[PDB]
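J.: These protein sequences, in sequence, are chains Cb, CH, LV, LB and CO. Numbered according to the deposited numbering, the first sequence spans residues 1 to 23, 83 to 337, 363 to 606, 615 to 632, 708 to 721, 793 to 880. Just so we're aligned, residue 2 is where the second sequence starts under the deposited numbering, counting upward by one. Just so we're aligned, residue 5 is where the third sequence starts under the deposited numbering, counting upward by one. Numbered according to the deposited numbering, the fourth sequence spans residues 12 to 228, 268 to 391. Numbered according to the deposited numbering, the fifth sequence spans residues 2 to 43, 83 to 95, 104 to 110.
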Amino acid sequence: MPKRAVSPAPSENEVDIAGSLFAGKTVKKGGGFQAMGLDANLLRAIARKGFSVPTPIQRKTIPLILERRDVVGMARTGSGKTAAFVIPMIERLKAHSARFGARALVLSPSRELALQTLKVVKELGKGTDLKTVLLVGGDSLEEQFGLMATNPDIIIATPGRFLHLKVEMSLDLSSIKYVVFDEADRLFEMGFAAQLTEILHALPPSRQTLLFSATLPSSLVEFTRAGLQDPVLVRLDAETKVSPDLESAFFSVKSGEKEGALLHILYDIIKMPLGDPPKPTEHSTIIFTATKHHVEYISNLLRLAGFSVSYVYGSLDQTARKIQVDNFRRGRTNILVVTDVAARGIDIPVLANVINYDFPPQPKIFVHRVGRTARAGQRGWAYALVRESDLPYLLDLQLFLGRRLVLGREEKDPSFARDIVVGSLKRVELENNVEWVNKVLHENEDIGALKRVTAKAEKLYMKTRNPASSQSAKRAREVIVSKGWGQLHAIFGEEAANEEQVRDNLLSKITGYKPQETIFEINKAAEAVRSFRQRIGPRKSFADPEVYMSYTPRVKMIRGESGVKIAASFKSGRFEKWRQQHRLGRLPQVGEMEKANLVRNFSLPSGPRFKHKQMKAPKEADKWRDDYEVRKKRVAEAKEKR
Amino acid sequence: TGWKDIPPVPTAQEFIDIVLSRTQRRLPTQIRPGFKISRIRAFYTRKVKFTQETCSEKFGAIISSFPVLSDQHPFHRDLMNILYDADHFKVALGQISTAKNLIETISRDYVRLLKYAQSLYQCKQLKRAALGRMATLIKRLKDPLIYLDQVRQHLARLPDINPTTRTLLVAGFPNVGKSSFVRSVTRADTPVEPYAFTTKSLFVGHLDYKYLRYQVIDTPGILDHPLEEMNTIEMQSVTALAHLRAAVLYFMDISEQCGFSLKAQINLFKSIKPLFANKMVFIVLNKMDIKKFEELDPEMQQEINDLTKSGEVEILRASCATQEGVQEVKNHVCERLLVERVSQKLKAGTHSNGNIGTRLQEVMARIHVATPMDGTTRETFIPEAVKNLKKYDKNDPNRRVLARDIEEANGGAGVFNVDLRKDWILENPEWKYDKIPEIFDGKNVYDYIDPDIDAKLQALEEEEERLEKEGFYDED
Amino acid sequence: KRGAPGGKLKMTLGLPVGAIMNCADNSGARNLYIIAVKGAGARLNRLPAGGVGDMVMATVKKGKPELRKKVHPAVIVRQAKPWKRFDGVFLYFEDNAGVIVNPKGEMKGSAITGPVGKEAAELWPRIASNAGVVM
Amino acid sequence: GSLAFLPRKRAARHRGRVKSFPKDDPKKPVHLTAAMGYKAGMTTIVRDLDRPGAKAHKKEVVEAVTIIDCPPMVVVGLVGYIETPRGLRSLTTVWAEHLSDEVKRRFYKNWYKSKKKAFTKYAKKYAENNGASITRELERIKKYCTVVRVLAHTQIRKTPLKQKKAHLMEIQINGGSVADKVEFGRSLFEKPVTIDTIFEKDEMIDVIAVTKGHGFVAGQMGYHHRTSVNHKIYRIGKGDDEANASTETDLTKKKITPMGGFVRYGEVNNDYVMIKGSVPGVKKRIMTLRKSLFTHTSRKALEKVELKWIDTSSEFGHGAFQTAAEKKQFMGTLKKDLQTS
Amino acid sequence: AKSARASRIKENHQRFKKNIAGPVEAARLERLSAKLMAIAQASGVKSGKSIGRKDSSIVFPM
RNA sequence: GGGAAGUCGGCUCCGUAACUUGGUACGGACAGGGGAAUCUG
RNA sequence: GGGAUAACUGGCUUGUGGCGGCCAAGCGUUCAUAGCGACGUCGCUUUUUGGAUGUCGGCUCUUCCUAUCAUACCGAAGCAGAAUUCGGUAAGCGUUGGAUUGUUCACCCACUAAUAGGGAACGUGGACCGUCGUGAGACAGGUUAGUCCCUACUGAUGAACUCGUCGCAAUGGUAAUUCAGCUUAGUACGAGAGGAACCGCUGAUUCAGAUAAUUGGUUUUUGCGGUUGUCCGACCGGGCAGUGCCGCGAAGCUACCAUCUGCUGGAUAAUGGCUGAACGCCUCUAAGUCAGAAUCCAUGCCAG
Ligand SMILES: Nc1nc2c(ncn2[C@@H]2O[C@H](COP(=O)(O)OP(=O)(O)OP(=O)(O)O)[C@@H](O)[C@H]2O)c(=O)[nH]1
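1) In this structure, how does DSSP classify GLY102 of chain LV when only helix, strand and coil are distinguished?
2) Report, in whole angstroms, the separation of the C-beta atoms of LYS358 of chain LB and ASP290 of chain LB, which I expect to be a contact under 8 Å.
3) List the residues of chain LB that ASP91 of chain LV touches, going by C-beta distances under 9 Å, in chain order.
4) Kindly indicate if chain CO contains any beta-carbon less than 8 Å away from that of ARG276 of chain LB.
5) In the DSSP assignment, find the beta strand (DSSP E) that holds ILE32 of chain CH and state where it starts and stops.
6) Below 8 Å CB to CB, which residues in the same chain sit around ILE531 of chain Cb once its five sequence neighbours on both sides are set aside?
7) What is the DSSP secondary structure of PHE372 of chain Cb, counted as helix, strand or coil?
8) Whose Cβ in chain LB lies nearer than 7 Å to the Cβ of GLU26 of chain CO?
9) Do you know how far the Cα of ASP289 of chain Cb is from the Cα of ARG549 of chain Cb?
10) Could you check which residue in Cb:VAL112, Cb:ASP98, Cb:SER554 and Cb:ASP327 has the C-alpha nearest to that of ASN354 of chain CH?
11) Could you tell me which residues DSSP puts in a beta bridge with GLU74 of chain LB?
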């Protein structure tokens with residue numbers, strides 16, 4: 001049944017930088092943690108970790124967080140954002156509080172990435188006496204009641220379970236002074252928007268909210284505009300600056316030759332090696373696409389091609405994602421195939437080439453893709469397969485980067501790193517590797533079934549893609565008409581341009597032919621063909712630079799753990815059952831002291847939380863069985879142990 | 002694959018009757034003015050909305066089914082430009098796309114009008130306006146619907162040409178040899194009557210050569226016009242010559258039996274040769290039976306040899322009538338293109354990197370034949386009677402009667418009863434067709450069967466006689 | 005062609021929809037989860053079920069992470085509910101098992117562990133060729 | 012449910028009615044159509060199947076069969092029917108001398124009280140030289156009647172029930188001139204006809220009975275008059291063979307009845323008809339067996355049937371012994387048989 | 002599918018009843034009639089040959 | 001208790017040595033249990 | 001604050017827009033020009049490059065209509081085959097979900113032969129008044145508004161016609177559906193890719209009616225065996241745990257959890273014909289008349 005049962009898992013990456021509409084006896088600016096003045100226990104704990112120099116996303120943020128300003132954070136993964144928001148707690152807290160009530164709230168989207176912030180906290184918080192509890196799904200809802208009675212001061216939690224605790228416990232949420240919403244773009248993607256709203260209303264008006272993320276979708280923007288007070292945008296340096304060491308090339312391909320066009324770039328443009336390679365590899369090409377069904381085609385075709393390729397997509401398994409991003413990072417494979425959401429989750433190393441199998445809809449998505457490569461002064465390349473329907477998104481990419489566009493061989497030596505260069509591929513070698521694609525498609529049924537799935541998956545993606553602008557749409561019609569659209573691309577050399585020129589100067593007259601008589605003229617239908625052709629035949708600086716005003720600039795319903803739509807405020811009865819199961823009294827309010835009893839009644843275990851706790855007695859002894867005496871006392875020993 | 006799976010496209014009148022009868026037959030049609038105005042409005046809104054969706058699902062069907070020109074091979078978008086004017090084709094489909102956009106706009110506006118209506122008369126007049134306005138939009142669309150119906154019939158009646166595979170292409174001047182050669186090598190329906198252009202469209206056939214499938218394309222013919230002007234018939238020829246990779250076969254009539262001069266035939270080659278520069282060409286001097294290569298004067302031989310001085314042109318001789326050359330002109334051409342294609346295939350895999358692919362590793366493994374190290378061969382137990390045994394021919398009158406023929410005489414697949422004892426071998430025939438005992442006195446007979454049972458039973462007799470003399474069954 | 009097995013005599017179906025069954029081939033999957041038994045009748049409140057030899061749609065729940073949380077068709081090869089055979093043998097297997105197979109009838113796995121039901125080997129020749137014990 | 016069988020109505024009579032006899036033409040020879048029997052139970056067989064095109068071709072197939080105990084009938088009367096524009100109607104009925112006590116019991120309800128007086132004056136009509144009346148009775152049949160039937164009754168003296176009454180019906184004669192079937196029925200008077208003459212092996216018949224009644228836990271559930279068509283006869287047993295259940299590939303001298311007897315029936319010591327599958331009715335119940343109305347259009351008919359074995363093991367429990375000798379030989383000798391001997 | 006009361010199915014059945022199952026039922030019925038034969042053979085107003093009277105809602109009572 | 005459903009489920013601390021009350025290296029331990037079974041001598 | 005209609009439809013409703021112009025048979029103030037005026041065509045909407053929905057439901061069941069989604073039959077289409085498309089006769093027989101949603105439809109995805117639409121007096125299980133306000137508003141302000149009988153039918157009985165046996169059959173109900181595999185056959189057809197059907201044969205789903213040999217399930221046979229705790233001082237034998245617990249089990253009942261069975265003649269509709277007038281050609285129709293749908297009416301079946 002599940003042929004797109006719910007929806008395609010990689011949906012779209014809504015991005016926004018209209019989020020700028022939020023706003083000698085002297086160690087002179089050493090740029091270290093001590094220049095910011097952290098705690099003496101905390102700064103040696105940093106030295107235990109190995110953070111000698113703060114990463115740039117820390118260096119901007121942790122100044123502002125101590126000065127108590129709400130910080131929205133643009134930061135790619137792997138930049139050390141996780142430490143960037145907990146070292147202001149180990150600075151803020153410095154001791155365990157005798158009063159009841161946690162003072163730190165950390166909201167994590169997934170279970171596994173919650174443990175990533177968990178492991179950071181004890182790694183950065185040794186020496187002090189802080190208390191941390193984790194509230195994730197799949198754990199018992201009797202253990203999590205008890206860990207609240209252990210009186211923490213940092214609670215890390217998934218918003219589904221934390222709200223379920225909050226409505227069940229009727230916890231006074233006011234004891235928390237600093238809230239962090241880590242990876243909130245992941246939070247809104249899994250459908251926590253309604254539960255984040257009810258959490259936010261219950262958080263106190265006096266709080267310090269930050270929010271660290273990789274991207275800012277438009278729905279996230281309205282959440283901070285209603286949630287965060289006086290937000291400040293912090294961006295990772297030159298994220299929006301495409302690095303000038305990058306050379307780009309855009310190739311005009313048809314829809315039926317897109318697979319063979321990817322085989323051209325790997326074979327003769329990159330000259331990638333075949334097979335497994337004998363810290364990434366030197367070639368190290370990524371492949372970007374649109375849907376998980378396109379991932380499965382592109383991965384499985386390259387296995388049949390013979391290239392070493394790993395693949396990650398949106399609804400990929402937890403363990404399955406680690407092993408493939410491990411293989412790419414240590415250089416055991418050459419190709420990584422991501423959609424966009426798997427890209428923004430996994431940590432991307434220094435990368436050499438980037439292939440765009442499908443053109444990004446927003447021009448800012450292209451920046452995010454080429455931002456993953458050609459960094460830190462090393463040269464890089466970025467190729468994309470443009471189409472006719474994907475052409476207006478390319479002319480919109482011109483207007484954003486402000487670059488010049490060349491069409492095939494309009495210039496003898498176009499500047500790849502500065503000018504957008506479009507054209508066609510080698511004709512001869514494209515028809516060989518699309519012959520191979522059609523040969524494999526006719527041969528193996530499994531790849532053929534993957535084509536039919538990704539054909540209808542693409543047809544949905546075509547319909548729901550954000551449309552291009554009208555001026556970009558109109559100007560796409562002219563360059564299609566223009567003679568440079570089908571000419572050979574500039575990489576392939578001037579020597580390739582001559583024998584292409586001596587042939588297509590004659591060939592273009594075949595394409596420009598207009599039939600004076602359609603074959604139905606060669615009856616009522618014959619009079620009809622004469623009726624169309626008569627109806628539809630062809631129809632016969709003065710401004711100062713200083714001032715010129717230019718038109719251009721410069793009962794609420796939630797989803798429960800059972801998956802059934804439950805009313806938001808539901809008091810089931812488990813705490814009430816909890817409160818005579820051990821017959822506890824009234825819980826503390828916010829402010830009263832902890833009970834040294836209540837911590838030791840419901841403490842933590844030794845630490846290894848095994849998932850297997852099923853204790854059963856063996857079955858009764860059958861006196862005619864083979865192991866009668868062996869079964870006999872082990873049943874009795876079970877009665878002694880109980 | 003082909004464009005046969007394009008649904009038939011109706012005229013403007015048949016579009017109107019299909020849409021309007023769908024609205025009447027598949028929805029309720031009875032409403033009385035004494036009913037509530039909320040359900041009077043709900044009745045008429047459903048009728049207007051249903052009409053639009055059937056229009057949109059039909060206008061969307063023709064748009065989706067018809068091929069987009071800028072997605073095909075350059076052979077196909079040029080062929081579909083010549084056959085049907087591509088300027089006229091996207092304005093016919095373009096007209097039907099903006100017609101569906103207006104119909105939803107009519108439907109979107111009139112459901113808003115109906116929602117604020119106040120009488121059954123008002124709702125009746127508002128539906129008739131909407132169904133009438135969609136009717137007069139389709140009736141205006143009459144002219145492009147006839148075009149799209151006619152290009153649909155001719156697209157489904159078009160030969161399947163796949164540019165990727167190995168292709169033999171037969172071209173040349175009209176009335177030389179083309180239809181006779183394609184008929185001689187390939188079973189393919191190609192007319193053979195003797196006038197200027199009998200063939201008006203491309204004809205495709207297929208042939209086999211060392212167990213590999215080859216396709217052959219026959220084309221109408223090209224005149225001496227310098228391709229600035231040609232009609233649609235010969236522009237079909239040069240499109241297949243310019244876009245399809247093929248070992249082309251330029252048939253040349255040495256005799257003037259086509260009525261067209263031999264010096265004109267060379268001038269066509271030198272005009273179209275720039276489209277042939279990459280491929281390999283073979284000029285077939287057809288019809289030597291009436292005029293042989295030694296009979297014409299030595300001046301024309303020199304420029305014929307000058308064609309061979311270009312390294313990509315070969316002289317081949319054949320004569321379709323009497324088939325004096327067609328098999329060896331076929332064996333020559335597909336051999337040269339096979340060794341060309343294998344040269345590219347070994348290059349595609351031995352490119353200047355030093356690493357061979359896994360597809361190359363799999364295919365060298367197939368070619369490798371394992372041979373035992375010692376080199377001895379095992380003894381083969383082929384019986385002597387099978388070497389002189391006569392092969393079975395179904396058209397031979399004197400046939401060995403098979404079990405299929407016995408079946409058809411005695412019934413059919415589900416009537417005939419196979420006799421699995423007629424093939425039994427025994428000591429004598431009447432032991433066959435015998436009921437074989439299975440159970441006797443509550444035990445299996447089969448477990449008690451062995452040869453020398455008679456001698457084994459005598460040991461039971463002798464030992465029983467021993468125990469009777471021993472008195473070991475006596476009561477005390 | 006719709007994947008309907010032809011010419012089989014019906015037995016007691018012992019694998020309803022939403023039933024966890026073991027995986028017998030070496031494709032890496034360790035568990036399959038039935039969502040659709042094709043060829044089943046259309047009846048209200050009647051859960052579709054399939055016996056040995058019926059080809060079903062399944063989701064991998066246990067196994068190697070490359071093959072986890074994917075949907076493939078499969079053929080039931082063992083079942084635990086007793087069923088009739090035409091010679092009078094009432095018989096059943098120790099577990100419910102199936103093999104991941106393509107819609108044509110070619111299995112992705114290379115070998116089959118455990119026994120193979122007689123009905124599945126007769127209906128699908130590729131499973132019969134890859135079977136070690138046909139019982 | 013089905014509207015063809017509604018409303019749920021009890022059968023008006025315990026026996027069962029033929030209702031429709033097969034259409035008669037005189038070209039075939041004379042033959043009777045219906046018969047009774049009494050159901051004894053069910054057992055298993057193995058049949059070597061001879062069906063071309065089936066998966067079970069030429070391999071053993073287990074099959075459930077029923078056993079109906081049929082003692083020989085006795086012909087006692089001949090009723091003739093004339094064809095009126097209000098339907099058929101019985102014109103006259105002729106009986107025979109020496110009606111048995113069991114068939115006379117059917118005419119009575121208190122046999123023990125009533126002195127045996129039925130058909131006493133009719134028997135004097137035969138013997139006191141008023142045989143002119145009997146010949147006038149038969150000549151009226153020959154001249155006016157279009158179809159004739161045989162009044163035949165079964166003997167439950169040999170069938171081991173506790174019922175001493177008998178069961179009468181009309182059995183239609185088909186196939187001949189109305190004169191020819193008169194001499195047929197008159198010759199059958201006071202004579203026992205056997206089921207071997209009525210039906211034969213591998214032929215497909217109809218069974219008429221009343222179903223089981225589901226009383227004592268919306269209305270009458272059960273006890274319905276059902277006729278069920280297309281049941282295949284696998285064996286007619288002769289009773290005196292002493293090898294009734296013996297097949298060609300099982301040479302064990304055994305009768306049809308299982309060890310310990312049929313449950314609530316007893317031992318079948320008479321002719322039995324072994325029929326494919328289930329049959330309407332219960333144990334000890336009268337079963338009316340009837341010929342097919344129409345010529346068969348199936349290959350299930352015209353199919354010769356050969357049997358491998360018949361299950362003579364007990365149905366009072368799980369038994370895996372067919373004969374008493376097999377049970378004794380497997381179990382060895384016991385201490386009760388040692389003390390008795 | 003074709004109905005059980007379809008005219009083509011009836012005609013196919015009529016050819017089976019005439020050609021295939023016809024003589025088989027005729028031969029079986031001959032053997033049964035021979036068996037019934039073996040069991041069977043094992083003045084007019086004074087002799088009863090002339091039929092007389094034995095021992104009205106159709107006409108109105110006069 | 002079971003089946004079904006939904007999920008992302010099942011597949012660091014002690015002692016010892018030099019350095020400044022705190023860190024650094026070495027040695028040991030943590031990061032399992034239960035129930036059901038089969039085959040084999 | 002006064003006045004006025006007790007209330008709506010009941011040969012209602014459905015598939016083809018409005019406006020202006022041109023043309024226009026007829027009728028008319030006296031005539032086609034005082035003028036009313038259809039079908040078409042022209043101009044506008046409308047063109048030369050391919051989301052909408054308020055209270056409701058949700059399920060089962062009965063019955064009906066056809067405005068037919070499937071299954072049967074035909075007519076037409078570049079309809080080669082395959083798959084279809086449009087239309088007509090047809091209500092015998094069947095007729096889903098999932099994502100999303102306040103809820104539905106549209107669209108998309110999956111299954112299936114298909115998972116059509118409707119009807120059943122739209123089937124059977126506040127209401128003012130008072131008080132305080134008046135640029136707006138209210139009132140823990142009030143009281144008040146505002147429904148257990150008869151009978152049809154079915155089943156089982158039943159008085160009288162003397163009791164009983166075997167029958168006839170007026171009338172009423174009526175039952176079977178759909179798919180697949182083998183052969184035809186890799187065959188017709190086809191350039192290729194592909195690819196049927198009739199006759200014959202064998203299964204399966206649904207539906208209906210039965211049955212208990214065998215295989216599961218169940219144990220007021222309380223049948224056999226083991227076992228827990230109590231008391232009668234002890235044995236025996238008992239009260240005991242409103243039929244203690246644990247194994248196995250006959251019989252009986254059951255199981256879409258097992259097995260069996262489901263049948264043929266006539267007349268037609270759309271349509272295809274034959275002979276042949278009207279009408280000196282011609283025509284399936286007018287008089288005569290052949291074939292033909294899962295249709296109709298009966299047989300088979302149930303009641304009597
Ligand atoms: N003598 C001779 N005549 C030939 C030969 N081949 C073709 N022809 C002539 O050509 C006619 C066959 O048609 P072709 O000329 O081969 O067909 P075409 O070259 O496509 O030109 P069209 O006639 O337009 O079809 C025959 O009637 C012959 O008269 C040949 O080999 N020898």
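Built from N, CA and C at the ideal position, the CB exists for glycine as well.
T.: In short, the structure shows the following:
1) strand
2) Contact doesn't hold; Cβ gap of about 24 Å is too wide.
3) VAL57, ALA67, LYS70, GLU71, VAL72 and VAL73
4) no
5) Segment: none, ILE32 of chain CH is in no beta strand (DSSP E) and carries neither H nor E.
6) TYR381, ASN384, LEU385, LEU388, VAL524 and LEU525
7) strand
8) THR345
9) 33 Å
10) When only C-alpha atoms are compared, the closest one is Cb:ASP327.
11) LB:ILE56
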